[PDB]
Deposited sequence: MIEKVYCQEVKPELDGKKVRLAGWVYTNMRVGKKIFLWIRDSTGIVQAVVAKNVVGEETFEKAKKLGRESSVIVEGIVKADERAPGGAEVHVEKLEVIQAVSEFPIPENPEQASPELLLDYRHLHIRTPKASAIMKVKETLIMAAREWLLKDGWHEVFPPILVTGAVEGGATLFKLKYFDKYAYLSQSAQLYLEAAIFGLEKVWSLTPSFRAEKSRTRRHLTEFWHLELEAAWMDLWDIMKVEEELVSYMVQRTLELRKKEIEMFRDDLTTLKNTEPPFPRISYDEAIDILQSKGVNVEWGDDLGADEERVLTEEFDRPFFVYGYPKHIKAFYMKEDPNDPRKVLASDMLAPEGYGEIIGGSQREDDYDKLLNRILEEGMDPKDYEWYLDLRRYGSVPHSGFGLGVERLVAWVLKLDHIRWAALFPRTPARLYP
């Protein structure tokens, strides 16, 4: 048990006290006759002052050789000094060099490098301040979702990843990698009523692997689930603004759209969306899908997340409930982030009528035999119900205005990239 003092703990009120730092060399500079090592750990950076006449010639010479990412244990006495970072520095008595490094492959400022170099060295890139900040924002957004979910009475479940799309050999059968836990959450609402899961989902056609936060609720219609989505997203964003302002300010000059993320979110129908896009000069016809690029133009009209609802039936999945007021449409909505980010949540009310569902399965050239367990849910005490899925990395990318979603994944998976 290395009993360490974290960098964030090194404060002017510790003046005259001994501390033990454990971390990595951030910078090494000679200042006067002395060596100033800035030591990084997970909480911050502290200035450790190494004086030849205190530590001796052998240690002083070792200290000169410590490049970026050298691992070190440092013991010394805190000195309050307004001119040091944090207003306190450490006057080094003992320096233990675990491993001297002089050729760390990630540049001092990593965004000087080619993104391809950074990704080939992803395992080293994630330790740097900005990449690390994204991971802290990610865990906080997720912690906040779990707070909200517990408070609001939702039950966490752990649905299957292997399903009967990536294909793999599975003993005497074949298995696919799940793209969504939804159908299994629908089975679970019959016992638990309000359920959620957080699972990796896979896309074999953009990350090919991503984190999927999904909710499903008995008794709720489309309008009810849209209230859930805006309440959940608002709490996640507000709680993260509260806790991670420092990290978010590394990525954003302007926090306005985040600050604006409180209920009620603006709501437009798909019909109004087509109107907005045609009125800005976009060649889209009613019934057409809104892909990435039409979504981008739509988001220009908004300064916070917003909903689009009431989609044409045939651009949405087989399981969606028809709008009973206009059977040409389904009771589906997506939540799009502003500033060009586009869809972060897709959800719907689900079809709860056995015959209507069987019929959609047939119409779509699917085999009702493969979906028998799914159809069972409309046979044994069917109830109205709705749910949705949020893309975690999509949300993080909007929150930090990232230029590619891959930076929101610890080790991103894309069609080109499986490594490290």
Which parts of the deposited sequence lack C-alpha coordinates? 165-172, 214-219
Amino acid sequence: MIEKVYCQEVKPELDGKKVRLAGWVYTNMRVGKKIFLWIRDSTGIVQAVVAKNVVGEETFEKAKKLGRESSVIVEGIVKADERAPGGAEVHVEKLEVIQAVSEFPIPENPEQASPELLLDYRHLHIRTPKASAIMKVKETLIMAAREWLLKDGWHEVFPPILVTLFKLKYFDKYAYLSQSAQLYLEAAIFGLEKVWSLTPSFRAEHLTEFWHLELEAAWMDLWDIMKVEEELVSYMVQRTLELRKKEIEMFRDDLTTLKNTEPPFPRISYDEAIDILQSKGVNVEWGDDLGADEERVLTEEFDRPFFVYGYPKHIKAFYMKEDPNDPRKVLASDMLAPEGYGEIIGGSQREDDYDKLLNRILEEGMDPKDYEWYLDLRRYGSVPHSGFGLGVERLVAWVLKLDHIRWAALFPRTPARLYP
From here on, numbers count along this sequence of modelled residues.
Quick check: 136-144 versus 177-185, which has the larger average CA B-factor in the record? 177-185
Mean B factor on CA atoms, stretches 325-333 and 113-121, record says higher is 113-121
Based on the PDB record, which member of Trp286, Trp219, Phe306, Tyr235 exhibits the highest Cα temperature factor? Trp286
Which of these has the highest Cα B-factor in the record: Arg350, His314, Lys245, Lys227? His314
Please place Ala63 in the lowest, middle or highest third of its chain by C-alpha B factor as given in the entry. middle
Entry-reported Cα temperature factor of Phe318, expressed as the chain third it lands in: middle
Quick tally, chain-level thirds of C-alpha B-factors: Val50 sits in the lowest
Can you tell me whether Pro412 has a C-alpha B-factor in the lowest, middle or highest third compared with the other modelled residues of the same chain? middle
For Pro200, does the deposited CA B-factor place it in the lowest, middle or highest third of the chain? lowest
